[PDB]
Amino acid sequence: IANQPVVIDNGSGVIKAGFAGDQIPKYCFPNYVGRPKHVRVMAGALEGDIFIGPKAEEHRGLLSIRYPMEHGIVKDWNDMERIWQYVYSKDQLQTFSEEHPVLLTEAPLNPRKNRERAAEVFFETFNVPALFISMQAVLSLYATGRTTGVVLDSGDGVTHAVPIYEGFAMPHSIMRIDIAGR
Amino acid sequence: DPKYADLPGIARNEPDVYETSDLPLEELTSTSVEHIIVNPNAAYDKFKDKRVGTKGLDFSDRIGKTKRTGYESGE
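This deposited entry lists cryo-EM as its structure determination method and 3.5 Å as its resolution.

Engineer: What is the right way to read the pattern of salt bridges from this model?
Structural biologist: This structure, assessed with the given rule, holds 11 salt bridges over all chains. Linking A:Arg117 and A:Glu120 is a salt bridge whose minimum nitrogen-to-oxygen distance equals 2.8 Å. Placement of the pair is A:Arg117 and A:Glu120 together in helix 3 (residues 112-125), with a separation of 3 residues, close to one helical turn. Relative accessible area serves as the criterion here: at 31%, A:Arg117 is assigned to the partly exposed category. With its nearest N and O atoms 3.6 Å apart, the salt bridge here joins B:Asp58 to B:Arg68. In this pair, B:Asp58 is assigned in the segment after helix 1 (40-46) and B:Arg68 in the segment after helix 1, connecting sequence segments 10 residues apart. Given a relative accessible area of 25%, B:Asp58 falls into the partly exposed group. You can call B:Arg68 partly exposed: its relative accessible area is 22%. Through salt bridges that share partners, A:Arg40, A:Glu47 and A:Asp49 make up one connected network.

Engineer: In this structure, what is going on with the packing of helix 2 (residues 77-87) of chain A against helix 3 of chain A? I would like to understand it.
Structural biologist: Relative orientation and spacing of two packed helices are given, respectively, by the angle between their axes and the distance between those axes. Residues and elements named next belong to chain A. In the contact formed by helix 2 and helix 3, the axes pass within 12 Å of each other and the chain directions differ by 50 degrees. Relative to helix 3, the element helix 2 is oriented oblique. You can see that helix 2 and helix 3 cross each other, and the crossing is right-handed. Within the contact between the two elements, helix 2 uses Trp77, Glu81 and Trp84 and helix 3 uses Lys113, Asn114, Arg117, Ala118, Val121, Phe122 and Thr125. For the contact of helix 2 with helix 3, the residue count by class is 5 nonpolar, 2 polar and 3 charged.

Engineer: Whenever I open this one, the interface of chain B and chain A confuses me. Can you help?
Structural biologist: Interfaces are often sized by the amount of accessible area the parts lose when they come together. Listed as interface residues are 12 residues of chain B and, on the opposing side, 13 residues of chain A. When the two sides are added together, the surface that chain B and chain A hide from each other amounts to roughly 920 Å², 52% of it contributed by carbon and sulfur. Looking only at chain B, the three residues that lose the most surface to chain A are B:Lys67, B:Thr69 and B:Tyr71, adding up to 41% of its buried area. Counting the contacts that link chain B with chain A gives 0 salt bridges. On inspection of chain B and its partner chain A, the count reaches 5 residue pairs in polar contact. A breakdown of the residues in the side of chain B that touches chain A according to their chemical character gives 4 nonpolar, 4 polar and 4 charged.

Engineer: What am I meant to see in helix 3 of chain A here?
Structural biologist: Given 3.6 residues to a turn, an α-helix orients residues that are three or four positions apart in the same direction. All names here are of chain A. Relative to the 20 Å expected for 14 residues at 1.5 Å per residue, helix 3 spans 19 Å between its end C-alpha atoms, a close match to the ideal helical length. Taken together, the buried positions of helix 3 are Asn114, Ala118, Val121 and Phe122. Angular distribution of buried residues about the axis of helix 3 spans 80 degrees; they occupy a single face of the element. Exposed and oriented more than 90 degrees from the buried face of helix 3 are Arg112, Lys113, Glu116 and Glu124.

Criteria and cut-off values
Residues numbered from 1 in each chain as written, not as in the entry; some residues may be left out. Chains lettered and ligands numbered in written order. Part of a larger assembly, values for the part shown. Heavy atoms only, no water. Residues with missing side-chain atoms left out of burial classes, pairs and counts. Salt bridge = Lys/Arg side-chain N within 4 Å of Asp/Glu carboxyl O. Helix = DSSP H or I, 4+ residues; strand = E, 2+ residues; numbered from the N terminus. Buried < 20%, exposed > 50% of the residue type's maximum accessible area, 1.4 Å probe, protein only. Axes fitted to C-alpha atoms, helices over the stretch in contact; angles between N-to-C directions. Parallel < 35°, antiparallel > 145°, perpendicular 65-115°, else oblique. Left-handed = near helix turned anticlockwise from the far one by under 90°. Contact = heavy atoms within 4.5 Å. Nonpolar A, V, L, I, M, F, W, Y, C, P; charged D, E, K, R; others polar. Buried area = accessible area lost by both parts, 1.4 Å probe. Polar contact = N/O pair within 3.5 Å; in protein donor to acceptor, adjacent residues only side chain to side chain. Expected span 1.5 Å × (residues − 1). Arc of directions from axis to C-beta.

If you want it as structure tokens, here you go:
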């Protein structure tokens, strides 16, 4: 038995999400963790000590924003656990991680520890039935419907190019520099 | 009463009381502020079920951690 898989598209600055078979990523939010700077005094204030999502944007002046994924490499695994749980929270997907396959996206030429720790997270914390980490160039080719092309993307923290001709990728002509939007 | 007969100078026809005729906010209605009617019942019902966790807090000038944010938990 299998269900509709979840496309947890990562990003160094914006993390997209949404179920498969859709046409619009219905749940997009910035990939940052906001925790309060000031001191809570009143009784009936905001509660949680960690704010991710549109709530963080709603209270930017109260939170100390910090990005956990720098240049495509996850720097804070605990914060990423919070972010992925927020993806499966009751505000973005309202589902369980044990009932859906995950299509995670990674930038090319990433360190192996990112893939291994992502595997341990999605298979030890989230009890996901199936995970498939894919690239980012091939996906844009799928989105445009083409079969050939030089995907030149530029995320928030990684700009890279992966030339693909007739559905075949060339793993030696992949350039990648850590100079982008952020 | 008997102080009239026994004493010489205690006169009568004396008006004992000589007197006179006993003759017989707008700052809250401003257009600048928005006057609010305080209701303790509505406010009490609003903050009725909001807890405050005071587990290991501080407010003094103690510098051991990075920051200091008291009143952590709730309900």
